[PDB]
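See structure below.
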Amino acid sequence: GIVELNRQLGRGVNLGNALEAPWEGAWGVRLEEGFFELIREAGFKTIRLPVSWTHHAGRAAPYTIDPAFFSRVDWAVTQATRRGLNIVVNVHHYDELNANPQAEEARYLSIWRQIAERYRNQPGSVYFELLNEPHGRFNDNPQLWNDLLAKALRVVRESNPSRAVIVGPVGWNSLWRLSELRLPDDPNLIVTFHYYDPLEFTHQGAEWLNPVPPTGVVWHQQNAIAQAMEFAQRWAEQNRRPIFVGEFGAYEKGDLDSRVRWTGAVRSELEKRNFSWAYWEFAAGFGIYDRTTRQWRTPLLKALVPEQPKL
Ligand SMILES: OC[C@H]1O[C@@H](O[C@H]2[C@H](O)[C@@H](O)[C@H](O)O[C@@H]2CO)[C@H](O)[C@@H](O)[C@@H]1O
Ligand SMILES: N[C@@H](Cc1c[nH]c2ccccc12)C(=O)O
């Protein structure tokens, strides 16, 4: 059942700054086969694979996805799966859809039909995630996302009747917007949110924000994490949905000891609430692995995968 498929997600990591950029490598991370073994050996069971299909699909119907790009996603799915890892395949950045859901609907639903048909025979360790962090017009009217996600789920279910499908709320997958999320009567949904509070800390110096939060911000634990995760757990219980927190992490412009405090505090509370999770992210500016030295960032890795349960 879906609660067990969510538990199987367990501990995971995002392969970020990769296929969700305009093209693979544009944001600094080209995928390598060796990543899968590294990630498995470090104690993770799941890869989250951000994919920004919009750059690679035709603009005119039938909105065909470039075959070479599709083959690269095939490779990532196969290499993770054969090596024992779960993989979450999503639609990630999609500026056009967040800006104009109605105008971009046909293209988005064609993209999902292509993905769903292509991967319909993959095992249950392959999960679909309908849309990363809805925002834009979905923030203005969260019901636009409720309507659209039901359409995309319907498309997926025409070829994948029971695959786990991961769905989050608006506000960039903000748990506070779970209140406005409405989901179909489908027994194989996993609900997701992302956790980056306080943005002033986790995203200090992140240039892709406007405004850019200043750096020099330290962090220690108070009660915000516990309050947030309990709110989300009660929503999940009230609606009988399992939870996967598909991104959390703190950017390298923050001081390391604060980042470690924050990362461990969040991981500990996620697991206390029986949330599966995926850390943002493997190898870039939030990374736990430094490709230049081929070394793990041990303080952060051990905050994710502690050697004793209360550490
Ligand atoms: O550039 C706008 C776009 O950036 C995304 O963040 C990237 C960033 O572009 C990249 O330079 C940096 O190294 O990593 C971050 C995180 O992947 C951001 O996620 C988008 O929301 C934004 O539209
Ligand atoms: N196929 C190309 C060029 C193209 C063909 N028809 C279009 C209509 C609108 C915009 C672009 C196009 C693309 O999708 O970019």
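Chain labels A, B, ... are given in the sequence in which chains occur in the structure tokens; within each chain residues are numbered consecutively from 1, and ligands are likewise numbered from 1 in the order shown.
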Which residues are near ligand 1 - at most 10 Å, using only C-alpha atoms and all ligand atoms? Format: as a PyMOL selection string. chain A and resi 15-18+20-22+26-29+50+92-95+133+172+203+206-210+251+280-281+284-286
Write the residues of the selection above to a file with C-alpha atoms, as a PDB file, in the first residue's frame.
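Result written to out.pdb:
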```pdb
ATOM      1  CA  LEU A  15      20.297  15.333  -7.835  1.00  0.00           C
ATOM      2  CA  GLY A  16      20.017  19.119  -8.103  1.00  0.00           C
ATOM      3  CA  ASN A  17      21.623  21.761 -10.336  1.00  0.00           C
ATOM      4  CA  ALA A  18      21.372  19.144 -13.076  1.00  0.00           C
ATOM      5  CA  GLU A  20      16.184  21.006 -13.876  1.00  0.00           C
ATOM      6  CA  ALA A  21      18.463  23.731 -15.282  1.00  0.00           C
ATOM      7  CA  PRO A  22      17.916  24.882 -18.909  1.00  0.00           C
ATOM      8  CA  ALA A  26      24.084  24.747 -17.073  1.00  0.00           C
ATOM      9  CA  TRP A  27      23.813  25.049 -13.277  1.00  0.00           C
ATOM     10  CA  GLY A  28      27.024  23.201 -12.514  1.00  0.00           C
ATOM     11  CA  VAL A  29      26.187  19.485 -12.118  1.00  0.00           C
ATOM     12  CA  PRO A  50      14.367  17.286 -10.708  1.00  0.00           C
ATOM     13  CA  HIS A  92      10.392  20.726 -11.829  1.00  0.00           C
ATOM     14  CA  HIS A  93      10.844  24.299 -13.041  1.00  0.00           C
ATOM     15  CA  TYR A  94       8.170  25.433 -15.422  1.00  0.00           C
ATOM     16  CA  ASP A  95       7.930  29.215 -15.476  1.00  0.00           C
ATOM     17  CA  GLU A 133       6.585  24.060  -5.963  1.00  0.00           C
ATOM     18  CA  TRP A 172       6.162  26.721  -3.369  1.00  0.00           C
ATOM     19  CA  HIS A 203      18.888  31.028   1.446  1.00  0.00           C
ATOM     20  CA  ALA A 206      21.093  33.185  -2.832  1.00  0.00           C
ATOM     21  CA  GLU A 207      21.211  35.368  -5.955  1.00  0.00           C
ATOM     22  CA  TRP A 208      18.245  33.674  -7.613  1.00  0.00           C
ATOM     23  CA  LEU A 209      15.974  35.304  -5.028  1.00  0.00           C
ATOM     24  CA  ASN A 210      14.617  38.824  -5.201  1.00  0.00           C
ATOM     25  CA  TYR A 251      22.961  27.124   1.343  1.00  0.00           C
ATOM     26  CA  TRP A 280      18.530  19.502  -1.164  1.00  0.00           C
ATOM     27  CA  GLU A 281      21.007  18.552  -2.608  1.00  0.00           C
ATOM     28  CA  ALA A 284      26.237  21.830  -5.592  1.00  0.00           C
ATOM     29  CA  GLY A 285      25.919  24.898  -3.320  1.00  0.00           C
ATOM     30  CA  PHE A 286      23.868  22.973  -0.760  1.00  0.00           C
TER      31      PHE A 286
END
```
Could you pull the residues within 10 Å of range 56-72 of chain A, counting only C-alpha atoms, minus those fewer than 4 positions along the same chain, as a ChimeraX atom specification? /A:19,22-24,31,52,76-78,104,106-111,114-115,118
Could the residues in this selection be written to a file with N, CA, C and O atoms, as a compact mmCIF listing (two decimals), in the first residue's frame?
```
# COMPACT_ATOMS: atom_id res chain seq x y z
N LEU A 19 19.36 18.28 -14.17
CA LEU A 19 18.39 18.22 -15.26
C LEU A 19 17.25 19.22 -15.12
O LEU A 19 16.39 19.30 -16.02
N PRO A 22 18.28 24.86 -17.47
CA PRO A 22 17.92 24.88 -18.91
C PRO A 22 18.47 23.71 -19.71
O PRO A 22 17.86 23.29 -20.70
N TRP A 23 19.64 23.19 -19.34
CA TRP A 23 20.20 21.98 -19.91
C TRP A 23 21.19 21.42 -18.89
O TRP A 23 21.63 22.13 -17.97
N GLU A 24 21.52 20.15 -19.07
CA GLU A 24 22.32 19.44 -18.07
C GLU A 24 23.73 20.00 -18.04
O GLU A 24 24.47 19.90 -19.03
N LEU A 31 25.25 14.85 -14.46
CA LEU A 31 25.12 13.57 -13.76
C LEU A 31 26.18 12.57 -14.22
O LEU A 31 26.61 12.59 -15.38
N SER A 52 13.37 19.63 -15.65
CA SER A 52 12.62 20.76 -16.21
C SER A 52 12.38 20.50 -17.70
O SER A 52 13.11 20.97 -18.57
N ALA A 76 19.00 7.82 -16.27
CA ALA A 76 19.00 8.06 -14.82
C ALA A 76 18.04 7.11 -14.11
O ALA A 76 18.36 6.57 -13.05
N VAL A 77 16.85 6.91 -14.67
CA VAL A 77 15.86 6.02 -14.06
C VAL A 77 16.43 4.61 -13.97
O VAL A 77 16.37 3.97 -12.92
N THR A 78 16.99 4.12 -15.07
CA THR A 78 17.50 2.75 -15.09
C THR A 78 18.68 2.58 -14.15
O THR A 78 18.77 1.58 -13.42
N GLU A 104 -0.88 27.14 -20.57
CA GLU A 104 0.17 26.14 -20.67
C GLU A 104 -0.33 24.73 -20.37
O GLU A 104 0.45 23.76 -20.47
N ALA A 106 -2.31 22.50 -21.90
CA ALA A 106 -2.23 21.44 -22.91
C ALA A 106 -0.81 20.88 -23.02
O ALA A 106 -0.61 19.66 -23.12
N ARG A 107 0.18 21.77 -22.99
CA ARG A 107 1.57 21.34 -23.11
C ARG A 107 2.00 20.55 -21.87
O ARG A 107 2.66 19.50 -22.00
N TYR A 108 1.62 21.01 -20.68
CA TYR A 108 1.96 20.28 -19.46
C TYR A 108 1.33 18.89 -19.44
O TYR A 108 1.98 17.90 -19.08
N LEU A 109 0.05 18.79 -19.85
CA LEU A 109 -0.60 17.48 -19.85
C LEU A 109 -0.03 16.56 -20.91
O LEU A 109 0.02 15.34 -20.70
N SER A 110 0.43 17.10 -22.05
CA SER A 110 1.13 16.28 -23.03
C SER A 110 2.46 15.76 -22.49
O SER A 110 2.81 14.59 -22.70
N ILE A 111 3.21 16.63 -21.81
CA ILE A 111 4.44 16.19 -21.16
C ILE A 111 4.16 15.03 -20.21
O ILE A 111 4.83 13.99 -20.26
N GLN A 114 3.45 11.79 -22.05
CA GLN A 114 4.66 11.20 -22.58
C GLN A 114 5.45 10.48 -21.49
O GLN A 114 5.91 9.35 -21.67
N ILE A 115 5.64 11.15 -20.35
CA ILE A 115 6.41 10.53 -19.27
C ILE A 115 5.71 9.27 -18.77
O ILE A 115 6.34 8.22 -18.58
N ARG A 118 5.80 6.35 -21.16
CA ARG A 118 7.12 5.79 -21.38
C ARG A 118 7.54 4.92 -20.22
O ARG A 118 8.21 3.89 -20.41
```
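CA of residue 54 in chain A sits 24.0 Å away from CA of residue 86 in chain A.
The space separating CA of residue 187 in chain A from CA of residue 159 in chain A comes to 16.0 Å.
Residues surrounding residue 219 in chain A within 12 Å are residues 197, 198, 199, 200, 201, 202, 204, 250, 254, 255, 256, 257, 258, 259, 260, 261, 262, 263 and 265 of chain A [only C-alpha atoms; sequence separation below 6 positions excluded].
Around residue 191 in chain A, within 9 Å and counting only C-alpha atoms, the residues found are residues 165, 166, 167, 168, 169, 236, 241, 242, 243, 244 and 245 of chain A, once anything fewer than 4 positions away on its own chain is removed.
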Once DSSP has gone over the backbone, tell me which residues of range 174-232 of chain A are in alpha helix (DSSP H), as an MDAnalysis selection string. chainID A and resid 199:202 224:232
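Using only C-alpha atoms, the protein and nucleic acid residues lying no more than 12 Å from residue 268 in chain A, apart from those fewer than 6 places from it along its own chain, are residues 11, 221, 225, 226, 229, 260, 261, 262, 274, 275, 276, 277, 302, 303, 304, 305, 306, 308, 309, 310 and 311 of chain A.
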Save out the residues we just selected, N, CA and C atoms, as a PDB file, in the first residue's frame.
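Done, and the output landed in selection.pdb:
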```
ATOM      1  N   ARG A  11      15.130   7.874   3.542  1.00  0.00           N
ATOM      2  CA  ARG A  11      16.112   8.943   3.406  1.00  0.00           C
ATOM      3  C   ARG A  11      16.559   9.059   1.956  1.00  0.00           C
ATOM      4  N   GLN A 221      18.241  26.303  17.241  1.00  0.00           N
ATOM      5  CA  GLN A 221      16.901  25.753  17.298  1.00  0.00           C
ATOM      6  C   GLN A 221      16.083  26.410  18.389  1.00  0.00           C
ATOM      7  N   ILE A 225      10.487  24.541  14.024  1.00  0.00           N
ATOM      8  CA  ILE A 225      10.486  23.271  13.309  1.00  0.00           C
ATOM      9  C   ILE A 225       9.444  22.323  13.899  1.00  0.00           C
ATOM     10  N   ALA A 226       9.408  22.186  15.228  1.00  0.00           N
ATOM     11  CA  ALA A 226       8.427  21.288  15.829  1.00  0.00           C
ATOM     12  C   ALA A 226       7.007  21.745  15.536  1.00  0.00           C
ATOM     13  N   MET A 229       6.173  20.890  11.787  1.00  0.00           N
ATOM     14  CA  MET A 229       6.002  19.485  11.455  1.00  0.00           C
ATOM     15  C   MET A 229       4.789  18.877  12.149  1.00  0.00           C
ATOM     16  N   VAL A 260      24.703  22.796  10.002  1.00  0.00           N
ATOM     17  CA  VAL A 260      24.630  21.461  10.587  1.00  0.00           C
ATOM     18  C   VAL A 260      23.552  21.393  11.670  1.00  0.00           C
ATOM     19  N   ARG A 261      23.497  22.403  12.549  1.00  0.00           N
ATOM     20  CA  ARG A 261      22.420  22.471  13.537  1.00  0.00           C
ATOM     21  C   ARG A 261      21.058  22.374  12.866  1.00  0.00           C
ATOM     22  N   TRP A 262      20.844  23.217  11.847  1.00  0.00           N
ATOM     23  CA  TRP A 262      19.560  23.275  11.145  1.00  0.00           C
ATOM     24  C   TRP A 262      19.238  21.948  10.449  1.00  0.00           C
ATOM     25  N   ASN A 274       7.486  10.570  11.124  1.00  0.00           N
ATOM     26  CA  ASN A 274       7.337   9.517  10.117  1.00  0.00           C
ATOM     27  C   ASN A 274       7.215  10.089   8.713  1.00  0.00           C
ATOM     28  N   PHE A 275       7.889  11.201   8.472  1.00  0.00           N
ATOM     29  CA  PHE A 275       7.983  11.763   7.128  1.00  0.00           C
ATOM     30  C   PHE A 275       9.215  11.189   6.435  1.00  0.00           C
ATOM     31  N   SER A 276       9.040  10.630   5.230  1.00  0.00           N
ATOM     32  CA  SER A 276      10.203  10.368   4.385  1.00  0.00           C
ATOM     33  C   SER A 276      10.736  11.714   3.879  1.00  0.00           C
ATOM     34  N   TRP A 277      11.949  11.722   3.322  1.00  0.00           N
ATOM     35  CA  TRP A 277      12.497  13.025   2.953  1.00  0.00           C
ATOM     36  C   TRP A 277      13.603  12.921   1.918  1.00  0.00           C
ATOM     37  N   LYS A 302      26.684  13.585   8.417  1.00  0.00           N
ATOM     38  CA  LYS A 302      26.358  12.948   9.676  1.00  0.00           C
ATOM     39  C   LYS A 302      25.145  13.589  10.327  1.00  0.00           C
ATOM     40  N   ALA A 303      24.813  14.824   9.943  1.00  0.00           N
ATOM     41  CA  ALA A 303      23.549  15.374  10.418  1.00  0.00           C
ATOM     42  C   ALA A 303      22.367  14.693   9.742  1.00  0.00           C
ATOM     43  N   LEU A 304      22.568  14.199   8.508  1.00  0.00           N
ATOM     44  CA  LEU A 304      21.510  13.466   7.798  1.00  0.00           C
ATOM     45  C   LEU A 304      21.435  11.995   8.185  1.00  0.00           C
ATOM     46  N   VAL A 305      22.593  11.365   8.371  1.00  0.00           N
ATOM     47  CA  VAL A 305      22.731   9.922   8.576  1.00  0.00           C
ATOM     48  C   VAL A 305      23.557   9.748   9.849  1.00  0.00           C
ATOM     49  N   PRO A 306      22.969   9.950  11.024  1.00  0.00           N
ATOM     50  CA  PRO A 306      23.765   9.932  12.263  1.00  0.00           C
ATOM     51  C   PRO A 306      24.180   8.514  12.654  1.00  0.00           C
ATOM     52  N   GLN A 308      24.501   7.364  15.732  1.00  0.00           N
ATOM     53  CA  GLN A 308      23.654   6.948  16.828  1.00  0.00           C
ATOM     54  C   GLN A 308      22.348   7.726  16.736  1.00  0.00           C
ATOM     55  N   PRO A 309      21.230   7.107  17.126  1.00  0.00           N
ATOM     56  CA  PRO A 309      19.909   7.699  16.809  1.00  0.00           C
ATOM     57  C   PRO A 309      19.636   9.043  17.441  1.00  0.00           C
ATOM     58  N   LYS A 310      20.258   9.380  18.567  1.00  0.00           N
ATOM     59  CA  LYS A 310      20.014  10.671  19.184  1.00  0.00           C
ATOM     60  C   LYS A 310      21.085  11.704  18.839  1.00  0.00           C
ATOM     61  N   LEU A 311      21.968  11.395  17.891  1.00  0.00           N
ATOM     62  CA  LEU A 311      22.957  12.349  17.403  1.00  0.00           C
ATOM     63  C   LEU A 311      22.546  12.998  16.100  1.00  0.00           C
TER      64      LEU A 311
END
```
Please list as a ChimeraX atom specification every residue within 10 Å of residue 37 in chain A, counting only C-alpha atoms and excluding residues in the same chain fewer than 2 positions away. /A:33-35,39-42,44,79-80,83-85
Point-to-point distance from CA of residue 149 in chain A to CA of residue 171 in chain A, Å rounded to tenths: 14.9 Å
